[PDB]
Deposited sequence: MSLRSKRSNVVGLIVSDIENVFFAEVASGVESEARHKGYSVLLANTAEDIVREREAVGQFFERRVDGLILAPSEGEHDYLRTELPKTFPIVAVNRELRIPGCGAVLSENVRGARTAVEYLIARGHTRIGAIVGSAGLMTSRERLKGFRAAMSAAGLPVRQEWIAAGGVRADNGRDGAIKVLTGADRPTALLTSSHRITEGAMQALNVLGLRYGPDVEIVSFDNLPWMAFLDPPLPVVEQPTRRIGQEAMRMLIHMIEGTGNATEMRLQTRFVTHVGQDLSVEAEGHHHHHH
């Protein structure tokens, strides 16, 4: 009834979220909704403040890219009729929708690709260990390695992640890494030349997130592309259904695609 929706993002400066936001804004606009923006910069205290601020302003609903931390307040501080849909990371709160990527499958595909190239010492640098995304991407890694009968040393796993990369690469160090996002891939690239190692001959990398600069390297960095704008567009579509009473909250898993270039 107000035709305003609240979009709260954990990091607008990260291009993943910016493109999610573009899909949200494009859908809302096509349907005649306005979009209130808040950026939390991964601070849960700010996320809570924006939730309360957006609620008091009586937005019709919230699209939330959650920051790392507890989200129980959402279930006790808000009416059960206030529609929320999460992107990227799930809430695990009854009634809250989620639009999420197929992380397990994408990671398993990326790592198989490395295995098919002849890597056996393969590691993984992920972001914060507690996240749904880190957890599922790590899981895909383990499943690929397991199916190939390749053992995985825990010292090969780390949770920018430059320091993590630097630690796993100064170990029987891996010849290959799965990185869980473009920003971690940045930190891995920083670790290589901190350690004097050579992207390519010394270490190969498969990453999530399809950034143009990854294609400029030699070899081109293979990536798992996430359907960022579609995540945004579908969250807004599910939020609108919830608001106008034409549909339910659900967990939607969207396809990723492996790009080898």
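Colleague: Counting from 1 along the deposited sequence, what's missing?
Modeller: The deposited sequence has unmodelled segments at 1 to 6, 166 to 171, 184, 275 to 291.
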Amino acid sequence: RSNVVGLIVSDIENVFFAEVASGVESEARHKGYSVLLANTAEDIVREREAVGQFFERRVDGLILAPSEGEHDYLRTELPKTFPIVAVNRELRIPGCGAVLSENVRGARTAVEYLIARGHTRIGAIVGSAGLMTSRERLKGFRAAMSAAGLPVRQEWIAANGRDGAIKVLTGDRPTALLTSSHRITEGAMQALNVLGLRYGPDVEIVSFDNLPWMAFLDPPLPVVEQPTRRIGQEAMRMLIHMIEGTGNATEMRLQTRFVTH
From here on, numbers count along this sequence of modelled residues.
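Colleague: Using only C-alpha atoms and the B-factors in the entry, which stretch averages higher, 174 to 182 or 147 to 155?
Modeller: Taking the mean C-alpha B-factor of 174 to 182 and of 147 to 155, the larger value falls to 147 to 155.
Colleague: Mean CA B-factor: is it higher for 239 to 247 or for 16 to 24?
Modeller: On average, C-alpha B-factors are higher across 239 to 247.
Colleague: Between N103, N88, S128, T109, which one tops the list for Cα B-factor in this entry?
Modeller: Out of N103, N88, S128, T109, the record gives the largest C-alpha B-factor to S128.
Colleague: In terms of CA temperature factor as recorded, identify the highest of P227, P66, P212, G196.
Modeller: In this record, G196 carries the highest C-alpha B-factor of the candidates.
Colleague: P94's Cα B-factor: lowest, middle or highest third of the chain?
Modeller: It belongs to the highest third of the chain when residues are ordered by C-alpha B-factor.
Colleague: Which third, lowest, middle or highest, does the CA B-factor of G140 fall in along this chain?
Modeller: Middle third of the chain for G140's C-alpha B-factor.
Colleague: For the chain shown, is the CA B-factor of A41 in the lowest, middle or highest third of its modelled residues?
Modeller: It falls in the middle third of the chain.
Colleague: Taking the values exactly as deposited, rank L217 by C-alpha B-factor within its chain and report the matching third: lowest, middle or highest.
Modeller: Highest third.
Colleague: Rank-wise, by C-alpha B-factor, drop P83 into the lowest, middle or highest third of its chain.
Modeller: For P83, the deposited C-alpha B-factor lands in the middle third.
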